[PDB]
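Participant: Quick check, what structure comes out for this input:
(4 chains)
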Amino acid sequence: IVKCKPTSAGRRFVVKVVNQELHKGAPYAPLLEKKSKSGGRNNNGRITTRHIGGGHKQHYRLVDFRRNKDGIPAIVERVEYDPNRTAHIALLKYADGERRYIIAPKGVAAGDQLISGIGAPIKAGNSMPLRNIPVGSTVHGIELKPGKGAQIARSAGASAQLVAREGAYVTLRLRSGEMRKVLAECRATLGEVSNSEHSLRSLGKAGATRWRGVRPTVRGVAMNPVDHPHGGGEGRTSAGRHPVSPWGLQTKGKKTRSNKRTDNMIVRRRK
Amino acid sequence: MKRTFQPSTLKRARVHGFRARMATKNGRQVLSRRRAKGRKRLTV
Amino acid sequence: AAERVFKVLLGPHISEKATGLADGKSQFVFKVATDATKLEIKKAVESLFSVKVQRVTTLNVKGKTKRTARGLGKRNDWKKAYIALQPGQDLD
RNA sequence: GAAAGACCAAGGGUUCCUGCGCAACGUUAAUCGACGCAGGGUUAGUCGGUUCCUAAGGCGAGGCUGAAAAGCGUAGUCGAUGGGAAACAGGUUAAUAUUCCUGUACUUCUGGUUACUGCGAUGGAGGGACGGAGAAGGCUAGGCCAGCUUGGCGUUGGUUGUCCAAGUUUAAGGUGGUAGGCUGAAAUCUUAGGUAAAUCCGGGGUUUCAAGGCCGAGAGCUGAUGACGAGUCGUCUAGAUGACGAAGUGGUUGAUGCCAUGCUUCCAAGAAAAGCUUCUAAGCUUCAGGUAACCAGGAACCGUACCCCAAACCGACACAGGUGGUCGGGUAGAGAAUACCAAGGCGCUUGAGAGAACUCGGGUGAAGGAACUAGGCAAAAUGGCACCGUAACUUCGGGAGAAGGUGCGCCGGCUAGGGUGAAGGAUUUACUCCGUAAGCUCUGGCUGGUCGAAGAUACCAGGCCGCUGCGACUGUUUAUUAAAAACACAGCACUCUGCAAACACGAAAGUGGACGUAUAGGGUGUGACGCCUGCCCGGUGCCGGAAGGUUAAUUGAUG
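Facilitator: Numbers count the residues shown, from 1 in each chain, chains lettered A, B, ... in the order given. The structure is reproduced below:
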């Protein structure tokens, strides 16, 4: 973490997260594939998500979320930057050639881990089924379906806490504060995800947003009654309506989860 | 003072060309109207 | 074909440029059929005029467009070969 | 004259050239024309396209979905603005030329013959293959000076000279492998990987050694005792042509070009696929196939004229407009600004007078110096480089070029270096070091003298200061009356969303969100920063809560 000096009016509030353990250039090319931007647009060509546009050209890195290779020890070659995540990625050389990218845990460096059915549950980085990990141990990159790959707790500095095992299931507490019943056969990696100081950075200027591929956000009250329900009015108005989406859904408090297939898997909501 | 017609033969032939009209149902009936009126060109 | 030797060459193009070129170099400008490759108007000159051809160059010519009453009319786009020969050996 | 010059793409489509013409077109006349009539002109293995390959996106066998029409999509196969062979100089004209001619190359294919021979895929690896910025350096084009050749000897002083003018050219490619950049190299043993295999790549172990290797400008030599060359001689009609044709060297300054897809650095983390190198599979009968040599032969089709800071494109016009990319000389200059010019191009298709008011675009202006006016609007002013000096306030970066002041041209005198360069001395004996000297070029420092009213003398080129309102700032907007205090913004907070996410577009399939996963993603309000952000839950919404009343379809008792 470094703070830039106000030598120009745009650098005054840039707070920059700098890591020198990250690898200087040249990502491992057989694990990269092409990725072109969407603009937030559909196969109808329609904007279906506002405020996406521009940014830097990025290769997609083939991050392994499954950790299939059981009983093959993989040393960590290096830890790299990934444009399309907030975390960092570790490059793992398995004991039989076989380089793969994973999500890096804390303790990123050239050490060793072996994703398997039984091995070293105090090493942050070993991936296991949720049956044979202890209760109370912090995990990340949890599968929801066996063989689907990691889906939960995989942003920068994110983790879940395993709280109770019973039956074919196991309960773990998520970073959002909600208790989730997850299957016991599905897997998780011991530890906590790498770039945990990501939340301390300040972009600093209007154009550090635009080179993330985020187009500006124009408010509802700045518009006309044709454009938004928050709409017109003489002078500054206040959106005399209750606050609302551009499509008319209420904004400030109204619950929108209507799944009802998976309600039994959720044993405690965000409270 | 840039004007509204900026010519390109490729954009010409791909928006209004023969095969573009005969790709869709409505362009095929553009050609059948424009052939029923008896026009000399019918693909402009 | 046994034919197509008699169909490709359409006559010597007569002009001042063709005349000075036939005198100075050994190159004879023939009007040829509008789909004639360089080797089938090399075999035809070797077949019909009994010479040895060393090179043929070609060029499509756009027919000119004349204005009158009832609009623009176009002349036929035609084709033109230059037949380089050995430095003796002038064809007839 | 960073174009009003030369050129490429697009777009146009004969406007190009030559004869004949002048009705109409040309804002006038026209013998002229981008106009009329008729002829001619566009030459490619190498320049562009096709062909090979793919991006966005399209279409899409079957397939999922949809009243129908159709939508979306897998295999696929189109799709360049990107990637894949190779030609350069000189001649030639009315008009084409990297295309024709001449000379010298280069790349790739086909058919042969010779010899030894593991060939083989789309499949595996390799490679192609790539960001922003910032720099050293090393060269080269080009520039300039000197020498050399040829001509000259000046309409008015001088000009045989230490004078003037012109010219002092030569490409690709071969050979060279240099400055420089990256890099461990070889042998052997093994192997849970690269969805089969693999002698290839990846992984592991062992042994020896320090220089291999792979790139890579440019100089040199060769291309080239050739072409080009001021001109001479000769023929003939002031010129067209044949032969001959002088000098053709050295020093400096040098790029925005090349080494260089290099190197350093930073986050925003920087195309695919083929050609190419390599590996085996299925097979071959291991003739075929491969690999070198040699010989003969080939490289299709299409575009090429002309216009592109435009009278030929887009603007109804021969219209002060617009239109992508490339080159870029001298002197002054930081400069591609600007001024005068070179090569080159042009006099903008109505002129002649005249010299009123008024109108426009300028020049100067007595004495005042904003009294003008809604308002210093306009104008006038300031304007550079070096040095000195510079306030409040401040987020410590600023403010600040604050404010203000001094020097500036020319010619000498004396004096400090820098860079090229090399007479010779070293040995790893040559594209090498060291280092003399001149010559060339680049900066000083100090003192004089001197001319003008005036020395950043022209063009060029900040006016400044003091209170305050608003918005933190850079940015955006009402194409064509509003550029702002409006929008955006970093930052902030609320709220939703556990993944087949909330949400959006879709009668749906599907797709975006996202190949992301709560430090994530949507919505909303506020708008850097500093100090803060008080009271109210009645209304309305949102969230939760019992379970009492009410309550719909559906039930169908009873009368």
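
Participant: who in chain B is up against RNA strand D?
Facilitator: Residues of chain B that fall close to RNA strand D, judged by C-beta under 7 Å from any atom of the strand: B:1-3, B:5-10, B:23-25. Quick note: C-beta positions are derived from backbone N, CA and C, even for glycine.

Participant: swap the cut-off to 6 Å and go again
Facilitator: B:1-3, B:5-10, B:25 (C-beta under 6 Å from any atom of the strand).

Participant: mind putting those in JSON lines, secondary structure and neighbour count included?
Facilitator: As requested, the residues of chain B next to RNA strand D are exported to JSON lines (DSSP: H, G, I helix; E, B strand; the rest coil; neighbours: other C-beta atoms under 10 Å in any protein chain shown):
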{"residue": "B:1", "secondary structure": "coil", "neighbour count": "2"}
{"residue": "B:2", "secondary structure": "coil", "neighbour count": "4"}
{"residue": "B:3", "secondary structure": "coil", "neighbour count": "5"}
{"residue": "B:5", "secondary structure": "coil", "neighbour count": "4"}
{"residue": "B:6", "secondary structure": "coil", "neighbour count": "7"}
{"residue": "B:7", "secondary structure": "coil", "neighbour count": "6"}
{"residue": "B:8", "secondary structure": "coil", "neighbour count": "9"}
{"residue": "B:9", "secondary structure": "helix", "neighbour count": "8"}
{"residue": "B:10", "secondary structure": "helix", "neighbour count": "8"}
{"residue": "B:25", "secondary structure": "helix", "neighbour count": "8"}
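
Participant: Residue C:27: which of the residues you listed is nearest?
Facilitator: residue B:9 (35.8 Å; C-beta to C-beta).

Participant: mind listing what the one residue sitting closest to the centre of chain A touches?
Facilitator: Chain A has residue A:155 as the residue nearest its centroid, 2.9 Å off, counting by C-alpha atoms, centre = their mean. By C-beta atoms under 8 Å, 6 or more residues apart in numbering or on different chains, the contact list for residue A:155 reads A:85-87, A:193.

Participant: and RNA strand D, which of the residues you listed reach it?
Facilitator: Answer for the contacts of residue A:155 near RNA strand D (C-beta under 6 Å from any atom of the strand): A:85-86.

Participant: Rebuild the contacts of residue A:155 as a markdown table, extending it with secondary structure and neighbour count.
Facilitator: Formatted as a markdown table, the contacts of residue A:155 follow (three-state DSSP; neighbours: other C-beta under 10 Å):
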| residue | secondary structure | neighbour count |
| --- | --- | --- |
| A:85 | coil | 19 |
| A:86 | coil | 16 |
| A:87 | coil | 23 |
| A:193 | strand | 24 |
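
Participant: Please produce JSON lines containing the contacts of residue A:155, extended by distance to residue A:224.
Facilitator: Putting these into JSON lines (distance: C-beta to C-beta, whole Å) gives the following:
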{"residue": "A:85", "distance to residue A:224": "39"}
{"residue": "A:86", "distance to residue A:224": "37"}
{"residue": "A:87", "distance to residue A:224": "42"}
{"residue": "A:193", "distance to residue A:224": "44"}
